[PDB]
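J.:
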Amino acid sequence: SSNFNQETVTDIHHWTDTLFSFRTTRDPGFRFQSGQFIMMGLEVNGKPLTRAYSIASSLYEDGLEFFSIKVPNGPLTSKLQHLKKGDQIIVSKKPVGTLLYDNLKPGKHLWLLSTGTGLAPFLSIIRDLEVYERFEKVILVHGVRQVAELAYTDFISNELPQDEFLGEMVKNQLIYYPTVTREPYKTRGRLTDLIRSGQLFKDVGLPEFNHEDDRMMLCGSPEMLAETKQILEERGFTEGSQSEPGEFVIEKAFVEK
Ligand SMILES: Cc1cc2nc3c(=O)[nH]c(=O)nc-3n(C[C@H](O)[C@H](O)[C@H](O)COP(=O)(O)OP(=O)(O)OC[C@H]3O[C@@H](n4cnc5c(N)ncnc54)[C@H](O)[C@@H]3O)c2cc1C
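Structural data, given as structure tokens:
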């Protein structure tokens, strides 16, 4: 420790028995780029117990936010799930990751394709002025299994458009496309199935992906990332990196341990 900032919990919200969000203080020195992750967790017997977490908060916010799984036997989240306001967490000081605008070639459309907690980095990006300066449209796809897992659905649809700074850009440029596999909902099925049938493009009112206009960031389950990568690679889209801008970038929302 002392390669960590101590932050205090300010707010906690449980979406379901497996998903919760919380907000903390943010150190004055803590700088990041929208889409980056850090190591977050708890001081346990005077040593760090930390996991990779996407920063879900805006870089414009005087606070941090995390959108977290709750795993009953998971070493970190078995404890993290019981957090209360005024509890302390630790956050590493060196943000990293691939979900960055400069890893993509300039374009017209940015598709943020997520499952489950993979929404987290995109909650930072849709609350960044810079994404709306760079992209005419931002399409946020969030795929989940149950309606109650659509964390932030009322925030994104109703509260974000009234944001005093970003409200008008979100109204004009953000298209939010939630989908639910295992419960009745206006939009059903896996985002991979919705690309393959063309229903994604019909429903959001934009053309089929093309090499000129469309860029993607992928953050989701190992199955969704493998299937969506193959879809995009076989259509002739290239994976970006710091060393060579591309049309799409990938980050694991988690690893099957
Ligand atoms: C780059 C990166 C970014 C990440 N960002 C986040 C984030 O923003 N929010 C988040 O909750 N986790 C995130 N994770 C996963 C995270 O690092 C931990 O795995 C998670 O905190 C649970 O840790 P644990 O010690 O309780 O259980 P672990 O021992 O890490 O995992 C136990 C099992 O739970 C499942 N699991 C773990 N994380 C998830 C998850 N997010 N969704 C579904 N199943 C999961 C897997 O089946 C895993 O095999 C990220 C991982 C990576 C590699």
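Quick note: the sequence shown uses PDB author numbering, first residue 2, plus one each step.
Every residue, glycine too, gets a C-beta built ideally from N, C-alpha and C.
Taking 8 angstroms as the cut-off, is the C-beta of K253 nearer than that to any heavy atom in ligand 1?
T.: Residue 253 sits at position 252 when you count from the first residue of the sequence shown. For ligand 1, at least one heavy atom lies less than 8 angstroms from the Cβ of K253.
J.: Determine the burial state of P107: buried for a count of at least 16 other Cβ atoms within 10 Å of its Cβ, exposed for fewer.
T.: If you number the sequence shown from 1, residue 107 lands on position 106. By the neighbour-count rule (16 or more Cβ atoms within 10 Å), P107 is not buried but exposed.
J.: Please determine if the stretch 178-193 and the stretch 138-148 are in contact, where contact requires at least 3 C-beta pairs separated by less than 8 angstroms.
T.: At 8 angstroms Cβ cutoff, the stretches touch.
J.: Considering only heavy atoms of ligand 1, does any lie closer than 8 angstroms to the CB of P122?
T.: By 1-based counting over the sequence shown, the position of residue 122 is 121. Yes, the Cβ of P122 comes within 8 angstroms of a heavy atom of ligand 1.
J.: When DSSP labels each residue in this structure, what does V142 get in the three-state scheme?
T.: Residue numbering aside, residue 142 sits at position 141 when the sequence shown is read from its first letter. If DSSP states are grouped into helix, strand and coil, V142 belongs with the strands.
J.: Along the chain, where does the beta strand (DSSP E) containing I39 start, and where does it finish?
T.: Translated into the one-based positions of the sequence shown, residue 39 becomes position 38. Counting along the chain, the beta strand (DSSP E) containing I39 begins and ends at 38-45.
J.: If we count the other Cβ atoms within 10 Å of its Cβ and call it buried at 16 or more, is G117 buried or exposed?
T.: Taking the sequence shown and counting its residues from 1, the one referred to as residue 117 is at position 116. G117 is buried by the Cβ-count criterion.
J.: Could you tell me whether any non-hydrogen atom of ligand 1 is closer than 8 angstroms to the CB of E257?
T.: The residue given as residue 257 occupies position 256 in the sequence shown. Yes.
J.: Can you give me the Cβ contacts of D63 inside the same chain, cut-off strictly under 8 angstroms, excluding the 5 residues immediately before and after it?
T.: Your numbering for residue 63 matches position 62 in the sequence shown. Closer than 8 angstroms at Cβ, skipping near neighbours: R27.
J.: Checking the sheet assignment: what are the DSSP bridge partners for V97?
T.: Within the sequence shown, the letter at position 96 stands for residue 97. Answer by DSSP bridge pairing, in chain order: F38.
J.: Express the C-alpha separation of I126 and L105 in angstroms, rounding to a whole number.
T.: Along the sequence shown, read from residue 1 onward, the residue named residue 105 stands at position 104. Along the sequence shown, read from residue 1 onward, the residue named residue 126 stands at position 125. So the alpha carbons of these two residues sit roughly 14 angstroms apart.
J.: What are the boundary residues of the alpha helix (DSSP H) that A53 is part of?
T.: Taking the first residue of the sequence shown as position 1, residue 53 is located at position 52. Taken as a continuous stretch (DSSP letters only), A53 belongs to no alpha helix (DSSP H), being part of the beta strand (DSSP E) at 48-55.
J.: Sort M41, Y61, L65, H83 by Cα distance to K71 and report the nearest one.
T.: On the sequence shown, position 70 is the one that residue 71 refers to. Residue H83 is the option with its Cα nearest to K71.
J.: Please report the straight-line C-alpha distance between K253 and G87, rounded to a whole angstrom.
T.: If you number the sequence shown from 1, residue 253 lands on position 252. If you number the sequence shown from 1, residue 87 lands on position 86. Cα-Cα distance, rounded: 30 angstroms.
J.: Pull up the distance between the alpha-carbon of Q37 and that of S93, whole angstroms please.
T.: Along the sequence shown, read from residue 1 onward, the residue named residue 37 stands at position 36. Along the sequence shown, read from residue 1 onward, the residue named residue 93 stands at position 92. So the two alpha carbons sit approximately 12 angstroms from each other.
J.: State the CB to CB distance for the pair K109 and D214, rounded to an integer number of angstroms; the pair is presumed to be in contact (CB under 8 angstroms).
T.: Numbered from its first residue, the sequence shown carries residue 109 at position 108. Numbered from its first residue, the sequence shown carries residue 214 at position 213. That belief holds up - the Cβ atoms of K109 and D214 are roughly 4 angstroms apart, short of 8 angstroms.
J.: Can you tell me whether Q243 is helix, strand or coil according to DSSP?
T.: For the purposes of this step, residue 243 is identified with residue 242 of the sequence shown, where counting begins at 1. Coil.
J.: Which runs of the beta strand (DSSP E) spanning at least 3 residues fall entirely within the stretch 105-156, listed in chain order?
T.: With a minimum length of 3 residues, the continuous beta strand (DSSP E) runs that stay inside the stretch 105-156 are 110-116, 138-145.
J.: Identify the residues that DSSP records as bridge partners of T180: which are they?
T.: Taking the sequence shown and counting its residues from 1, the one referred to as residue 180 is at position 179. BP columns for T180 point to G144.
J.: If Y178 sits next to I140, beta carbons under 8 angstroms apart, how far is it from one beta carbon to the other, in whole angstroms?
T.: Within the sequence shown, numbered from 1, the residue matching residue 178 stands at position 177. Within the sequence shown, numbered from 1, the residue matching residue 140 stands at position 139. Sure, about 6 angstroms apart at Cβ, within 8 angstroms.
J.: In whole angstroms, what separates the C-alpha of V171 from that of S158?
T.: Position 170 of the sequence shown, counted from the start, is the residue given in the question as residue 171. Position 157 of the sequence shown, counted from the start, is the residue given in the question as residue 158. C-alpha separation (whole angstroms): 10 angstroms.
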